[PDB]
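Peer 1: Protein chains in written order, with the working numbering: chain A, 125 to 425; chain B, 125 to 425; chain C, 32 to 65; chain D, 3 to 41; chain E, 3 to 41; chain F, 5 to 31; chain G, 10 to 108; chain H, 10 to 108; chain I, 200 to 254.
(1) Looking at the secondary structure, which residues open and close the alpha helix (DSSP H) in which residue 319 of chain A lies?
(2) Could you check whether the Cβ of residue 212 of chain A sits closer than 7 Å to any Cβ belonging to chain I?
(3) What's the gap between the Cα of residue 174 of chain B and the Cα of residue 163 of chain B?
(4) Pull up the CB-CB distance for residue 98 of chain G and residue 13 of chain G, whole angstroms please, since I reckon it's below 8 Å.
(5) DSSP state of residue 371 of chain A, grouped into three classes?
(6) Within 7 Å (strictly less), CB to CB, does residue 83 of chain H reach chain G?
(7) Is the CB of residue 295 of chain A under 7 Å away from at least one CB in chain B?
(8) Could you pull the start and end residues of the beta strand (DSSP E) that residue 200 of chain A belongs to?
(9) Under a Cβ-count criterion, where at least 16 other Cβ atoms within 10 Å of its own Cβ denotes burial, should residue 246 of chain A be classed as buried or exposed?
(10) Within 7 Å of any Cβ in chain G, is that where the Cβ of residue 51 of chain H sits?
(11) Looking only at its chain, what residues have a beta carbon closer than 8 Å to the beta carbon of residue 314 of chain A, apart from the 5 residues adjacent to it on each side?
(12) Determine, for residue 27 of chain D, whether the minimum Cβ-Cβ distance to residues of chain E falls below 7 Å.
(13) To the nearest angstrom, report how far apart residue 415 of chain A and residue 401 of chain A are at their CA atoms.
(14) As an exercise, report each continuous beta strand (DSSP E) stretch of at least 3 residues that is fully enclosed by the stretch 325 to 352 of chain A, in chain order.
(15) Closer than 7 Å, CB to CB, is residue 388 of chain B near chain A or not?
(16) Since residue 190 of chain B sits in a beta bridge, which residues does DSSP pair it with?
(17) Do we get a CB-CB distance below 7 Å when we pair residue 13 of chain E with the residues of chain D?
(18) Under 8 Å by Cβ, that's how I've got residue 215 of chain B and residue 200 of chain B pegged, so tell me the actual separation to the nearest angstrom.
(19) Compare the C-beta of residue 100 of chain G with all C-beta atoms of chain F and state if any pair is closer than 7 Å.
(20) To the nearest angstrom, how far is it from the Cα of residue 210 of chain B to the Cα of residue 225 of chain B?
(21) Any idea which residues DSSP pairs residue 212 of chain A with across the strands?
(22) So, with DSSP's three-state summary, where would you put residue 311 of chain A?
(23) On the three-state DSSP scale, how would you describe residue 177 of chain B?
(24) Which whole-angstrom value describes the C-beta separation of residue 219 of chain B and residue 192 of chain B, a residue pair presumed to lie in contact below a C-beta threshold of 8 Å?
(25) Grouping DSSP H, G and I as helix and E and B as strand, with all else coil, what is residue 5 of chain D?
(26) Which residues in the same chain as residue 114 of chain G place their Cβ atom closer than 8 Å to its Cβ, once the five residues preceding and following it in sequence are excluded?
(27) Rounding to the nearest angstrom, what Cα-Cα distance links residue 212 of chain I and residue 167 of chain B in this structure?
(28) If you draw a straight line from the alpha carbon of residue 15 of chain F to that of residue 36 of chain H, how long is it in whole angstroms?
(29) For residue 217 of chain I and chain D, any beta-carbon pair shorter than 7 Å?
(30) Does any residue of chain B bring its CB to less than 7 Å from the CB of residue 104 of chain G?
(31) What is the DSSP secondary structure of residue 284 of chain A, reduced to helix, strand or coil?
(32) Taking 7 Å as the cut-off, decide whether the C-beta atoms of residue 349 of chain B and residue 377 of chain B are in contact.
(33) Any beta-carbon of chain A closer than 7 Å to the one on residue 281 of chain B?
(34) Looking at the structure shown, is residue 60 of chain G part of a helix, part of a strand, or coil, going by DSSP?
(35) Put residue 398 of chain A into one of helix, strand or coil per three-state DSSP.
(36) Give the DSSP-derived three-state secondary structure of residue 255 of chain A in the structure shown.
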């Protein structure tokens, strides 16, 4: 065995563990989610596991979807000098075209044999795994300050008397047993002798700190396009209440969509409809209020 | 190995790193987005990769779209003295017209052979890569001040006593373990002896600084035309709430559109409709509320 | 209920056919499983 | 498998790629060849 | 979590696998047990 | 529950630990 | 919060010096008032005076010899069942300086 | 926050000068009160006085020779298990000026 | 020969081809298209098109 604990400022190591674990957790959660936002009229007719596509797109490798046996299996694809042949690395096994491939972008609208590359972002300047590191430390220390604020927001009622058995019988039989009408000696024995340590310099501070945590989440959120935007259009709470500057959050949402524009180039080739929409739906009540067809009653209940 | 760390005013280098990285990030992000705003009735029938066009337009090189084999491939194009021939630099390979080219602007309305040049901005005075440098440093130091403000907004409850083991047993068994009714000696031992360092000179300062960051984003935004404008027309929040002076933000949005007016000159030639619209759309809920045709149910779900 | 309890201990369940009626089974670059 | 799958390091927020390939070259000693220089 | 995801390591070109499993083998004294030896 | 010190007794062992704290006496 | 007291100190140090209160000579002396330790500390005889002047006041005497007994009495019978602050006897040398 | 103490200083400097507390002559002397260092600092003999007057008060004496022992005693037994402030011994020369 | 389940996750499914892609190429051609000096007995020096290599 080996044991000799520090003190009870162990909490001052537990506090910094909460901050450190919050940064690690929020960082890898936020990129645990971020490669699924778009999902684009999900599997109309096309054999793509779009989850495996979007995970590949957020490590910035240019995937290439084409035909394999007329059914659109993904492949990897790493002034205008045109690409034609299957020179690139190919991830499937035997489903390779073994024939004339092409990029279907500008050779014509809708004619050439399909192997179209899809960028994550049309013009690439900085990776957004750096922006997610940029705010999560700032977010980490505001989560530190919230946790440190509510950890010292606890309150005792200090009794103050010369020690051995004068005031103990008082609080036992007449405060925590709830008793009104306790009788005492005239020796100033509650003339502000019992005192309260309060932290009312802490609870007005508490709510404003939560609002700073909240709008910093929103200021990370609208950067990476994930937004509450369309419902904010129909709710009429459009500007300076949701302090987000709508023209910037509809801006950063759009760059990821027109990065995945070459799926429309593919969609024009084989005669089908694939639009890169932007997912904001969460179900069992939204699907109920949009239909209210009695077959949807036998589906849910 | 080599190691001897400075102090824990390492933070005063971490603070200036956050400012410096914020300026670099916001600057190159803002021009990472800016060459896609218009996109102009996206690929009705015309073989232009418009993303590659708009990226070319924001480095101010006058592109020229014409015909290649009747299908409108882009080419580069660098008192009225008319241009006719293919004297200019040509980026495609074998698709060159090798025949009578012309500018289709004023020779007639809709008659001459097509090679029309598209300016970024009709009359050019200053590049907007300078205005984006003009506000991003001002924005950088207000992001500095927000980060510096929330980094020192953290709060301790200072105990004050002559040191060795008088008040430690107090806070251990009776504050962080949550205990009410802690009993103490009469020796003034909490007569404001424990004190709180608060920063309530910092949290009223916090919200106003975020509003300054916010409206400075909006004052960069309406300069470069990217605006929340049309939804602000239908929301009735038109003036002095969105502090933007609507007549100036519908002004700066319009100059970029009528810079790309010669795509209409081209559109009149070959008998098709291309209007330079101004993108403000973000989907899966806007596309749902604008249609509510049951085929759009089988698309999304 | 027995599926969702199995999913939150992160074990990849596999639903297929048993006699054409979808009984649950447990299931623990792309290399295909057959 | 000439490009292997990438490696992201989220501790530095970084993306690392490798390229592997197996090359082999030799001269067979069973064909005619000559040499003209000033040795 | 019977099979953890592999670790690729392209710089040595060397994939790596792990296997976890948890186990709790105990008995309950609430039942009839008879031991027979020559001890 | 209800933590009680049900013995309350008398001792016969002696102490002057020539040491700054409990800690330094353990050392 | 609880540590060492001061009654227990001089009780244990006086019982280190051969004394007792129950079976002292051979007869049962629990009830006899001149033998149990609380009376020796309230009377504050030569014996408790010697053990306080050696373990608590390890290098001190006051000016006179009639006031000094009065001070050591008025210290050690105010604080019998009190407490200790700095966690170790022969390490509350704060007592010698406040003397 | 923690640095050097002052008990550890004169303990280590007195053990530099050949002393010990466990195996001093040959017999086990851990329990013997005239040998371990805490009693030498509370009694504050000639020896600890010499090492304080050389390492802490490196160029000082007070006016008299009976008050000066009283001042050096009342300094070094108030501050045994205290702390140090300016991070290095023979570099808290702030002590000599506040003297 | 032995089946088991020959597809496991990685390096049990990598002893086969494993996505042959972007093979090393002579798309730009040395010794024929370049390393070339069979340039015809022309008339004049007409032009040499300068292209800013964006890609």
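Don't be surprised by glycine CBs; every beta carbon is placed ideally from N, CA and C.
Peer 2: In brief:
(1) Note, residue 319 of chain A: premise wrong, no alpha helix (DSSP H); beta strand (DSSP E) at 319 to 321.
(2) yes
(3) 6 Å
(4) 6 Å
(5) helix
(6) yes
(7) yes
(8) 198 to 200
(9) buried
(10) yes
(11) 308
(12) no
(13) 21 Å
(14) none
(15) no
(16) B/239
(17) yes
(18) 5 Å
(19) yes
(20) 6 Å
(21) I/221
(22) coil
(23) helix
(24) 4 Å
(25) strand
(26) This structure does not reach residue 114 of chain G, given that chain G is present from 10 up to 108, and the question cannot be answered.
(27) 42 Å
(28) 30 Å
(29) yes
(30) no
(31) strand
(32) yes
(33) yes
(34) helix
(35) coil
(36) helix
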